[PDB]
Amino acid sequence: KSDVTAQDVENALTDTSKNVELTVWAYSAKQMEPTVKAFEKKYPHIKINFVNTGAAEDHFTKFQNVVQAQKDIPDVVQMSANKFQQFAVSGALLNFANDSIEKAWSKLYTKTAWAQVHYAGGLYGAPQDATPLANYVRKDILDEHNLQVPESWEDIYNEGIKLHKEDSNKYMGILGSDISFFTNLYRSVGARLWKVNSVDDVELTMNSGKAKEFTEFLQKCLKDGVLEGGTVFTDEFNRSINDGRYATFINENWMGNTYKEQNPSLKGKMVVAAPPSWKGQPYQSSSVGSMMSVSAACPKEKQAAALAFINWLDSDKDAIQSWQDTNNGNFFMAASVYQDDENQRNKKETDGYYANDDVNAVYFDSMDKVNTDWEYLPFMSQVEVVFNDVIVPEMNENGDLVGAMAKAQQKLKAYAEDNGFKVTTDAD
Ligand SMILES: C[C@@H]1O[C@]2(O[C@@H]3[C@@H](O)[C@H](O)O[C@H](CO)[C@H]3O[C@@]3(O[C@H]4[C@H](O2)[C@@H](O)[C@@H](O)O[C@@H]4CO)O[C@H](CO)[C@H](O)[C@H](O)[C@H]3O)[C@@H](O)[C@H](O)[C@@H]1O
Ligand SMILES: [Zn+2]
Ligand SMILES: [Zn+2]
Ligand SMILES: [Zn+2]
Ligand SMILES: [Zn+2]
Ligand SMILES: [Zn+2]
């Protein structure tokens with residue numbers, strides 16, 4: 001049990017005669033680094049060796065490599081709420097849970113985000129951004145085809161048929177071959193793929209209930225030309241954005257900033273709308289986001305300063321303001337000083353980029369509707385491998401996503417059993 005208390009963390013910042021060097025690895029260097037520099041200016045006794053690890057996929061592989069070698073491990077490492085699990089369960093990350101930290105830091109982060117940085121009773125990071133889903137809609141394309149901004153998956157289907165019949169170079173949306181994109185859709189309609197009871201006890205429901213119904217719907221959308229299967233955040237996707245290939249894009253809301261940065265020519269053409277409802281339920285959402293974690297290898301005499309850094313970067317009021325000023329005036333932060341500020345909720349756009357100026361109100365309503373009835377599996381790295389090998393190849397106009405979900409469940413059951421997890425599946 002970690003004996004680094006909330007007071008010990010604060011002492012690392014006030015005890016300026018105690019110089020520390022911290023190595024910090026991050027994939028989201030573009031959005032984060034100016035605020036890291038602000039930390040260093042404020043606390044010159046804590047020097048930050050900031051390492052941009054490149055693409056997220058390369059970051060996670062690099063970190064696994066150093067952990068297994070037990071050598072050259074960073075003190076602080078960027079994680080995410082749906083990819084940290086396998087690192088936490090394998091002992092790569094410091095579990096810094098204790099009563100003092102829980103009492104103090106729980107007041108600093110919105111409860112949906114604070115729950116998700118726990119796993120198996122341990123506490124593994126400070127939440128960074130929250131990522132409620134938004135539908136980024138090419139309103140110009142919909143207007144041209146006499147189509148309404150869709151509020152439901154039913155509308156996406158019905159209007160999508162009309163769009164693609166009239167203009168076979170455009171699709172209503174993309175079904176993205178990315179584990180976050182795909183699982184976020186299921187979570188946002190209340191369709192559990194699995195349930196976690198303890199670190200060693202899991203239930204897989206990938207071929208039954210609401211999940212199966214939603215898979216059947218996604219497959220019909222692919223077959224009928226409503227959604228196109230393809231990669232996200234690749235050059236193929238980047239070209240499709242500029243080309244207007246997708247009338248809608250339902251995604252984690254950091255993308256709202258990405259469009260402003262990479263697609264200036266789309267100014268005035270998009271609306272930011274709520275993600276869609278399903279079967280006449282009120283709409284729900286999903287939020288994942290990044291987190292900053294401490295490695296299990298971090299030396300004991302560096303741990304208080306490492307924790308002070310992650311808490312400052314992710315919740316200090318000056319840091320939160322820096323996150324806004326250095327990312328086009330908005331970044332959607334989990335800190336309560338952002339989430340509880342009614343002037344963030346009612347913040348108006350002023351750059352003219354989106355056709356609606358109430359973008360943050362849309363993001364905050366979606367955050368309010370996040371489906372919290374959800375856990376990620378202990379082995380999320382293996383989940384992404386199986387998704388890539390088994391599910392992604394069926395994301396096409398003739399695909400059998402239903403059969404692929406059942407085969408992926410079988411592979412995950414075998415992996416769970418081989419690694420000592422108790423597992424049930426809906427095929428048992
Ligand atoms: C790995 C990834 O981390 C989290 O998503 C990242 C966001 O938190 C961050 O703000 O923005 C990144 C993109 O610039 C996201 O990664 C992309 O990574 C996201 C992060 O997502 C965000 O927290 C934030 O840092 O922005 C980056 C993109 O600039 O996430 C997508 C999945 O949506 C995909 O993995 C890309 O390769 C990443 O670059 C989580 O929220 C994600 O679900 C995921 O775990
Ligand atoms: Zn707790
Ligand atoms: Zn058209
Ligand atoms: Zn077609
Ligand atoms: Zn390419
Ligand atoms: Zn401050």
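Residues numbered from 1 in each chain as written, not as in the entry; some residues may be left out. Chains lettered and ligands numbered in written order. Heavy atoms only, no water.

- As deposited, the entry is annotated with X-ray crystallography as its determination method and 1.409 Å as its resolution.

## Structural notes on the coordination of the zinc ion (ligand 3)
- In the first shell of the zinc ion (ligand 3), the protein supplies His145 (NE2) and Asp167 (OD), at 2.0 to 2.1 Å from the metal. Taken together, the residues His145 in the loop between α7 (139-144) and α8 (153-166) and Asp167 in the loop between α8 and β8 (173-176) connect sequence positions 22 residues apart.
- Since its relative accessible area comes to 10%, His145 is described here as buried. (Donors = N, O, S within 2.8 Å, 3.2 Å for Na, K, Ca; no water. Helix = DSSP H or I, 4+ residues; strand = E, 2+ residues; numbered from the N terminus. Buried < 20%, exposed > 50% of the residue type's maximum accessible area, 1.4 Å probe, protein only.)

## Digging into the sheet that holds strand β10 (residues 201-204)
- Pairing is mixed across the open sheet formed by 3 strands, whose spatial order is β9-β10-β15. Each edge of the sheet is formed by a strand with only one pairing partner; in this case those strands are β9 (194-198) and β15 (422-425). Averaged over all adjacent pairs, the angle separating strand axes in this sheet is 15°, with direction ignored.
- Where β9 meets β10, 4 bridges bridge the pair, whose relative direction is antiparallel. The partner of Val196 across the bridge, within β10, is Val202.
- Across the face of the sheet, helix α19 (residues 401-418) comes into contact with β10 and β15 while running at roughly 160° to β15. (Pairing = 2+ DSSP bridges. Axes fitted to C-alpha atoms, helices over the stretch in contact; angles between N-to-C directions. Contact = heavy atoms within 4.5 Å.)

## A few points about the coordination of the zinc ion (ligand 2)
- With distances of 2.0 to 2.1 Å, the protein atoms coordinating the zinc ion (ligand 2) are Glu102 (OE), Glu102 (OE) and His118 (NE2). Placement of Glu102 in helix α5 (residues 99-105) and of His118 in strand β4 (residues 118-119) is noted, with a sequence separation of 16 residues between them.
- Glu102 sits in the partly exposed class, given a relative accessible area of 24%.

## Brief notes about the sheet that holds strand β7 (residues 133-138)
- The 3 strands lie next to each other as β12-β7-β13, forming an open sheet whose pairing is antiparallel. The open sheet has two edge strands, β12 (248-252) and β13 (270-273), and neither has a second partner. Pairs of neighbouring strands in the sheet enclose a mean axial angle of 25°, with direction left out of account.
- Bridge analysis of β7 against β12 gives 5 bridges, and the strand direction is antiparallel. Directly across from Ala134, in β12, lies its bridge partner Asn251.

## Quick notes on the site of ligand 1
- Residues in close proximity to ligand 1 total 19 residues, the closest being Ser28, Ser80, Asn82, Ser180 and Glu252.
- Measuring from an oxygen atom of ligand 1, one finds a side-chain N or O atom of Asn82 at 2.7 Å.
- At a separation of 2.7 Å, an oxygen atom of ligand 1 approaches a polar side-chain atom of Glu252.
- Along the lines of polarity and charge, the residues of the shell around ligand 1 split into 7 nonpolar, 8 polar and 4 charged. (Near = heavy atom within 4 Å. Polar contact = N/O pair within 3.5 Å; in protein donor to acceptor, adjacent residues only side chain to side chain. Nonpolar A, V, L, I, M, F, W, Y, C, P; charged D, E, K, R; others polar.)

## Structural notes on the environment of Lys195
- Relative to the helices and strands, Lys195 is located in strand β9.
- Through-space distance from the C-alpha of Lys195 to that of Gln78 is 26 Å; in sequence the pair is 117 residues apart.
- With near-sequence residues (within four places) excluded, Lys195 lies in contact with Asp201, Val202, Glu203 and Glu375.

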